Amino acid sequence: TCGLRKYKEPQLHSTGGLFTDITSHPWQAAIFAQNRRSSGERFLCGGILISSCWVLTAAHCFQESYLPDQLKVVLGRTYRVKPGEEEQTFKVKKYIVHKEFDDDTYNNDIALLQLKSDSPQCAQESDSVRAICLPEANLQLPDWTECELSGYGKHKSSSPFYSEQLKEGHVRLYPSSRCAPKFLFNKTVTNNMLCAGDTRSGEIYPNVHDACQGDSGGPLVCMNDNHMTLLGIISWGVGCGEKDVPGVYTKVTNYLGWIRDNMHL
């Protein structure tokens, strides 16, 4: 029953963006770290629940080499920092950062998190917690297809604050011809990357829907065969919501092999 969700209508707001209930994105996860000693818990990234005890994310979310006990993963929370009514918190048993992750070019920006629970069933499905469907390796959706993204990250590139509530963004798959350095300010684009951005330009709002800092590891889901299918993991981008500049994402179909292995099967 992956890819299902009781979609509720997002509240639009000031920036022209959207705020939404966790029910519309049950696969979304919030990862926190605790560098030890004491003194707070910092928001690290977002994550995607692919199965009851596994979570996908961006390799670059792990700058400071953390230890499993430090990392905490909460699911089923709408507000980044308030405790959710049906939230579910777990702890990392072990996390895997893609061996060939290039900090310089964000290539292979992908990492797994094995949860830890006293039962072979960690996350318990509910209207607020539910896995996303992994695409088959043959899945290549048509250019310009409409997808979605979610996260609790920043709203504008230059903002010291992360979002206080779950964001919902609407973007479209850019064609390959438009996903090159020439468009991404001469920045490097690889075969493991995929561009997606909001094409609704001009309108009142200066910024278009897009993921920003703090969203990394979050999903880029597109409906396929009546089920939300995971298509990319929020990796990088030059700025945030700049009109006509697509966001770069990790091409999940390139990593089904890597996942299948590092994930116990």
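Each residue number is its position in the shown sequence, starting from 1.
For the pair 202-210 and 38-46, the mean Cα B-factor is higher in 38-46. In this entry, 29-37 has the higher mean Cα B-factor, the comparison being between 219-227 and 29-37. When the C-alpha B-factors of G84, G153, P135, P142 are read from the PDB record, the largest value belongs to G84. Of all the options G169, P120, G76, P175, the entry's greatest CA B-factor is assigned to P120. Among all modelled residues in this chain, the alpha-carbon of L56 has a temperature factor (C-alpha) in the lowest third. In this PDB entry, the Cα temperature factor of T105 sits in the top third of its chain's modelled residues, the highest group. Ranked within its chain, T250 lands in the lowest third, by CA B factor from the PDB record. In this PDB entry, the Cα temperature factor of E164 sits in the middle third of its chain's modelled residues. Ranked by C-alpha B-factor against the other modelled residues of its chain, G257 falls in the middle third.
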